[PDB]
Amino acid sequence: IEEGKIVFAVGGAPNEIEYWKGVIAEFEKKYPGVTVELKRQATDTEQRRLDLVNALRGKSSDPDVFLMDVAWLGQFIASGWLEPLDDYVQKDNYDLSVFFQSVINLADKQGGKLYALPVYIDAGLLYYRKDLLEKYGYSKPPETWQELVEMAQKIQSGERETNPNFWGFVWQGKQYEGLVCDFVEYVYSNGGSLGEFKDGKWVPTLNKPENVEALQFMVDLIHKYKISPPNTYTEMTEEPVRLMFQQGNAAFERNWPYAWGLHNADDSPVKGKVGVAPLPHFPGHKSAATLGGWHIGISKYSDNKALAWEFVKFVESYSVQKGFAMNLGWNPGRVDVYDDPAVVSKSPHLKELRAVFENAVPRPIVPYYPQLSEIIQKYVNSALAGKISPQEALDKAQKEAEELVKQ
């Protein structure tokens, strides 16, 4: 185990992990004298991050190649754990123009060097029960958050006559990274902002009036309009939300592109009855979608960097990317794939909602995001629980963010 072997560390939702196994099989079939060992990780992005930093900080060659959340990729680049890809691109005359340059420019490069490639580009999406909206006299998905609430309540009241577990709108509110993504969408769709850059350094503006107003709406979805379940802030993460909607217990769902792949699975009660649209916005502002996704990189400590690069090229290849979009519903890191007839047949929204993905709002791209996120999670979740007001929460978060930015 030191020649033509490579351990690929990857996680995700259960179905994605199973899909990766198939990808690895296809890779070894195309490259006969090579071995790729799967190092399975969890779904939770923080657990995936920890699994990786623990191996890397110990200069272990074990994980040779792996996926990194666009949210904390900057941390790995800054720490210097990634092997620059420039040399490998150069040697194979590899064409980089086939990837969305915006995400690359934003998160994959530093000091003129490339350290990773986008496997998929996630953006927040609104999933809705087309059949239920039609049933209750609504011809189109909601454009504003207030319209979503209106539809959600009428559908909820009607469905509860026979369904007491039905909720008009499910989303991620647990105290973890996913909550920051949901939060970002409400903030920017109300004209708010988490902060901006000054003199090359990010400066926090967590407690702007627009932000507080946005957080208040989130709190109201649970405690005032009551279209989102109480466990939204205690247990709801990607999968629990995705499962609840697929079970048929929700009219609306906010989730990432992967939910589509599952919702459209023949084992899905909602198959053929799900629509996808941009998330709503508050009047006078534009719809927002948080930028997410996973990028592939090579460990600086790998003893099989050449093989790792071969695997990277395969994962970023047209056919493999096409399979991700058609089977898993992922929005590819490689351009034009969304337009492939096979992809439009199974995941038409990748083409139709092109603007959603291209305009995804990035969380603060800074080496110390993990620590910043922890601050936002605590106060935002506390506010959702009703433990403190939106105002007190963002003001408190503002204080700690400033201290954190002070290095």
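Residue numbers here begin at 1 and follow the sequence given.
Across the two stretches, 330-338 and 147-155, the PDB entry reports the greater mean Cα temperature factor for 147-155. For the pair 291-299 and 211-219, the record assigns the higher mean C-alpha temperature factor to 211-219.
Which of 175, 237, 102, 205 has the largest Cα B-factor in the deposited entry comes down to 205. The top Cα temperature factor in the record, among 242, 322, 160, 129, falls on 160. When the modelled residues of the chain are ordered by C-alpha B-factor, residue 264 sits in the highest third.
Compared with the other modelled residues of the chain, the Cα B-factor recorded for residue 48 ranks in the lowest third. Remark: residue 18 belongs to the middle third of its chain, ranked by C-alpha B-factor as recorded. Sort the chain's modelled residues by C-alpha temperature factor and residue 349 lands in the lowest third, per the entry.
The PDB entry assigns residue 133 a C-alpha temperature factor belonging to the highest third of its chain's modelled residues.
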